[PDB]
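Visitor: Curious how this folds, go ahead:
(7 chains, ligands or ions: 1)
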Amino acid sequence: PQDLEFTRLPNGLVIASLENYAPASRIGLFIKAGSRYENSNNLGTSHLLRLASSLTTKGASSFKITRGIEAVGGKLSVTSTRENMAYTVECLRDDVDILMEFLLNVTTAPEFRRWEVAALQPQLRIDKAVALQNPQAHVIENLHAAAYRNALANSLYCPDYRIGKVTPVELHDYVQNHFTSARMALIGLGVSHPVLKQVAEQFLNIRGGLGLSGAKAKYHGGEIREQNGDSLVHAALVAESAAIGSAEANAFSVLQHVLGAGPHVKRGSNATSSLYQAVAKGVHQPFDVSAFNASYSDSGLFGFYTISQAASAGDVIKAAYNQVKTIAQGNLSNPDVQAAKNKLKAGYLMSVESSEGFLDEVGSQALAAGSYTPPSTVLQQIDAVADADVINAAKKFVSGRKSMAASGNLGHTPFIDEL
Amino acid sequence: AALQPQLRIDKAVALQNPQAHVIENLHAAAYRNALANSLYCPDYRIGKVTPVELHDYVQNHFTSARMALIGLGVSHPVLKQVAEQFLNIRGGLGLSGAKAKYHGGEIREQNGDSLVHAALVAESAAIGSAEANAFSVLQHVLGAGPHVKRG
Amino acid sequence: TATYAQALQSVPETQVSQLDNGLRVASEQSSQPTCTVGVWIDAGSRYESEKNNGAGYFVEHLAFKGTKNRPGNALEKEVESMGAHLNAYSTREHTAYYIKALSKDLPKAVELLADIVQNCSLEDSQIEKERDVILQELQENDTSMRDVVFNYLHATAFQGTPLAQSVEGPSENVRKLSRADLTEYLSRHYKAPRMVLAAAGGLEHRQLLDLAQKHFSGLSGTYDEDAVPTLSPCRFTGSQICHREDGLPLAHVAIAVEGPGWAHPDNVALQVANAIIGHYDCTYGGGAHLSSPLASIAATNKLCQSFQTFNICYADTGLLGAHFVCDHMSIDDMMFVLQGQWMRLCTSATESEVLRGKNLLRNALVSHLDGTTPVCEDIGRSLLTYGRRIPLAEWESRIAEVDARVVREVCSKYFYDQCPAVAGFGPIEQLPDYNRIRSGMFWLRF
Amino acid sequence: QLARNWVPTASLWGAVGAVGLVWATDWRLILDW
Amino acid sequence: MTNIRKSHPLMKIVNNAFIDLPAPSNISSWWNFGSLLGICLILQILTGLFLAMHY
Amino acid sequence: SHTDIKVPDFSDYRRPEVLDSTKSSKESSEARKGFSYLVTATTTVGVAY
Amino acid sequence: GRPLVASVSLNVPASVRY
Ligand code: HEM
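Guide: Numbering: from 1, shown residues only, chains lettered A, B, ... in the order given. And now the structure:
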């Protein structure tokens, strides 16, 4: 029905809402406090904080919550990343208000009881373990550790020596410092603006204070290698791209879909991807190659994450890597550019359609921009990408300092000096 | 197989002095191929030791060219007798393919302990040189072992 | 605005159409720039013979490998041209080709999707490329304890019917399979009325039906006989199977009892029960305060790492039962505390607890309808299943049927004093001998 | 909690005892056949 | 062992020396004389008693 | 691989009421069990007297 | 590639993504 209405407050906390036809009614709350805000002695907090949502509020016992939510048949979620933690909550058309009532108490009115914290400690290992079964996880978290110094290198998970080290104070301080009414965004979906507009101004107005931005992340060289028994090497090779919110940040997204291969056809080895094809010719039986691009506020990284066997690992990299040079040499096809941009438009629009998927991208703009951009504008911004720009941008990757991480049997692995 | 669990018990009591654990990282930073190898068995490798691996590494790097037998308090001839008998095998020898190829790098690690350790190293020269002698001169100028207790 | 009852009422309704040779059409309009176009065939495994066994999953690969008009890897480069993703998957009762794409390129979409369904280049160059990939997948598929243990479960309960067999079939057929049978299998099962077209997105109906039309009006897609319909009820064999292997760390179990088919009133009542007993996993933020009586207990002592209840309904038949993992010293204590639940339902159930079950179903049913494809995917199977019916608002009306006496009259049928089907995968050893379980289904009032 | 079942069941077991209890001793009685 | 009635009086865990006592599969009838001694013993003591009252 | 398993025939041991492959067990089921218990409950009569 | 990654704790389900 009506389109996006987003309303600043005097407090600075953005709110926005739509009115849907569906019995589906969901709310979300975004906050700027991610991993990058954990400090040296402060480590592992966020990864605990994210498990504590069921603990006792100020007003309501932890029991009444959990039985309460399920009786309604609601659902509560939590999500983190290197940047923005988001408490998502969803229920039926009718009951939202009781559930809108709890959402505040959790983030508004925390209480951490030392006897209710200590019982939760062992949970981390159980959590940490099931996360790293996919080493494609465990490769990444090493990567950031190689490519930075101060901030972004922080883990999304709690290092092990740090386990018994989490005191309630540490929590109770990190609560109030990085939670504030300037840094928060509340987003409804199926609910009328005014009802949403009412309660938010009441409870969520606190200070002031602290956004402390002191993280410039200072991209800086490095590499990390690791030797395990597994028979399949993984590899990442990355150079520094530019920050989010730039035609470059747009340009790289163009560049990946040229090379970057997600499977578009089940079991189909992607022939449109020059990269995976440029390799497979001169090489042998299983392997995989994909471009890897992610961008954050102050900076973003670009590279390609590969998988092979121990023997081929040496060639796979050199083969794929020089293939990029070819593009940096001016070799290009405007149809592919025209083809890629089509994929991008495709990849983006199909990504948004789902409510949840839609819901995330809403506030993603909010904490960053504070406005909303209709997808049309995105589209018109997409095609603005110049050809030489793409080339010139890729000329930055090859021409600049690089980093690496590898986990597995390394016997044949090249180093960054041989590249 | 019965001896396997012994390693962990051995490995543990070794690293209580991190002045150990700093070093073994160091070589890993300053080389590529050979010297970087540990004196201890990495953990994923524990259950991985087959007798064959042993029984091969026995005969390859043991040989009568590479061995030296030294007595102290015993007459030469008695010593001289038995050695020629048993210890004469091959041949084969010596697999020198390690040039160690000094190469840059560094390693950093974050633990909870409140006392940082640090090493800073550049490549000196090989043993058996006036330089290898010269460095030994250079250390005792700067290099401090305690010569006076508590001093 | 929208109130819970009102929100049901404004939805784009089902559209339906016929062609002459028995093909069907259907659609919905979401006012959306993207669209799912697909095909849903009822040709399953339970049709296939003992020699043809596995051919279906075999065929499933070749379609995208190039075809009559567009040889090998000329096809894909057009799909990647559009940037549209492309997908296919199989199931014992169904096979599905479908595409997610912009509403714009639809003219090629069908005409592409059209060709693949019937005209397929069959070249033994591809076959031997294929016959490895499968003989690659079979031996690996041991690695996933889950998918295996089910293949135990069917074979042990249904033994002696075409439904009792693997999807991919035993390995030996994969070797011997020649494209003669395929063409025969192709010829038999791909005619309409079997086939069904569907879609949802910016499409409406008309603008589809004209470009439904001409091949396939069509390449037929025929209607003659192929007898009718190769189908026949299946027996239920109360049995057991144990693959006892003491190496592995953990021991799976699956227990099940047979249940009704797709279209049937009791299909709703049982949907709700398995919501009430609920499910637990290692990693939830639930804790020891959860409501599900097996999510409170088995979380307390971690009697079992995780378990979920499944519900599967075939044409004339359905399966009810759970799937749980636990360490070997612990396996007994699950089985008892499990049979506590089913048996306290069939007698002692209660009005209040019903609600928390009833609500969740309304929740999941609706949230299942977000997104283009999940809607379309539903439409596909529905037509083959219940007929045209997409009784969205009616669901709610069917729910309020559920009452205390509804449940306990329903579950009294299928649970109390039956013959279960147990299938397990080692270190099973402590799992009690059969005649315990059968003696644990029926309270003596203890 | 207003127990729904177990009102029917107990009523049977009440007979099960008494009927049985009549059968153990069973002195005076009405029917024979 | 959640609400298993076999723990709660301890004496019943002593009574899982019977019920779950694992046994071989193949056992000839010749092993029935394990029990039939016991029952021939009990049946004595009673019938052995009600003689005493009049002896 | 694993799927090579296939269940042997127990037909000799069954009783023909369930013998057919194409039939619903639920038709015979009612009586099929109804006999077995009749054995048990009958037995207890004897012990009782 | 990856998002890069994510994590989902919550209550009723649980998982990780990329
Ligand atoms: C292993 C247990 C027992 C054995 C093998 C046993 C054996 C016997 C035998 C062989 C006789 C003589 C039979 C006869 O005279 O006709 C007898 C008599 C008797 N037994 Fe036992 N008896 C046992 C237990 C008992 C017990 C537990 C009692 C008392 C509670 C008991 C009380 C008597 C008496 C009073 C007699 C004399 C009655 C009679 O012999 O007519 N016996 N018993």
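
Visitor: how about the closest residue to residue C:313 other than its chain neighbours, what does it touch?
Guide: What sits nearest to residue C:313 in space, not counting adjacent residues and going by CB to CB, 6 or more residues apart in numbering or on different chains, is residue C:262, at 5.4 Å. C-betas here are computed from N, CA, C, even on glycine. Applying CB atoms under 8 Å, 6 or more residues apart in numbering or on different chains, we find residue C:262 in contact with C:313-315, C:385-386.

Visitor: now those: which count as buried?
Guide: Among these, those that count as buried by neighbour count (16 or more other CB atoms under 10 Å in any protein chain shown) are C:313-315, C:385.

Visitor: Can you tell me which of those residues end up in helices?
Guide: Cross-referencing the buried ones among the contacts of residue C:262 against helices under DSSP state H gives residue C:385.

Visitor: between the buried ones among the contacts of residue C:262, which is nearest chain E?
Guide: Looking at the buried ones among the contacts of residue C:262 and their distance to chain E, the nearest is residue C:313, at 31.6 Å (CB to the nearest CB).

Visitor: so the closest one touches residue C:261, yeah?
Guide: Yes: in this structure, residue C:313 is within contact of residue C:261 by CB atoms under 8 Å, at 5.8 Å.

Visitor: Kindly list the main-chain dihedrals of the residue nearest to residue C:313?
Guide: The phi/psi pair for residue C:262 (degrees, to the nearest 10) reads phi -60, psi -70.

Visitor: Equivalent analysis for the one 10 residues further on, please.
Guide: Note on residue C:272: its backbone torsions stand at phi -80, psi -40 [degrees, to the nearest 10].

Visitor: show me the contacts for the closest residue in space to it that isn't next to it in sequence.
Guide: Taking CB to CB, 6+ apart as the measure, residue C:272 lies nearest to residue C:357, with 4.8 Å between them; neighbours along the chain are not counted. Residue C:357 makes contact with C:272-273, C:275-276 under the criterion CB under 8 Å, 6+ apart.

Visitor: make it 10 Å
Guide: For residue C:357, the set of contacting residues under the criterion of CB atoms under 10 Å, 6 or more residues apart in numbering or on different chains consists of A:73, C:271-278, C:292, C:349, C:402, C:407.

Visitor: so is the nearest residue to residue C:293 once chain neighbours are set aside in a helix, a strand, or just coil?
Guide: Leaving aside its chain neighbours, residue C:293 sits nearest to residue C:341 (6.3 Å; criterion: CB to CB, 6+ apart). At residue C:341, secondary structure determined by DSSP: H, G, I helix; E, B strand; the rest coil is helix.

Visitor: Give me the neighbour count for residue C:341.
Guide: Residue C:341 is surrounded by 19 other residues when neighbours are defined as other CB atoms under 10 Å in any protein chain shown.

Visitor: ok, the residue nearest to residue E:6 when sequence neighbours are not counted to residue C:336 distance?
Guide: With CB to CB, 6+ apart as the measure, residue E:12 is the residue that lies nearest to residue E:6, at 5.0 Å, once sequence neighbours are left out. Summarising the geometry, the distance separating residue E:12 from residue C:336, computed by CB to CB, to the nearest Å, is 15 Å.

Visitor: My reading is that residue C:322 is in a strand; is that accurate?
Guide: Yes: according to three-state DSSP, residue C:322 belongs to a strand.

Visitor: would you list every one of the helices in chain E?
Guide: Assigned by DSSP H, chain E shows helices spanning E:33-52.

Visitor: Any residues of it in contact with the ligand? List them.
Guide: Within reach of the ligand by CB under 6 Å from any ligand atom, chain E has these residues: E:41, E:44-45, E:48-49, E:51-52, E:55.

Visitor: which one of these is nearest residue E:34?
Guide: Sorting these by how near they are to residue E:34, with CB to CB, puts residue E:41 at the top with 12.0 Å.

Visitor: which residues of chain D fall in helices?
Guide: Along chain D, the stretches classed as helices by DSSP H are D:7-25.

Visitor: which of the contacts of residue C:357 lies closest to the ligand?
Guide: Distance to the ligand, by CB to the nearest ligand atom, is smallest for residue C:349 among these, at 53.1 Å.

Visitor: Just confirm the closest one contacts residue C:411, I think it does.
Guide: Yes: counting by CB atoms under 10 Å, residue C:349 touches residue C:411, with 8.1 Å between them.

Visitor: Spell out which residues are contacts of both of the two.
Guide: With CB under 10 Å, 6+ apart applied, the overlap between the contact sets of residue C:349 and residue C:411 consists of residue C:273.

Visitor: Contact residues of chain G facing chain E?
Guide: Not one residue of chain G sits near chain E, judged by CB under 10 Å from any CB of the partner chain.
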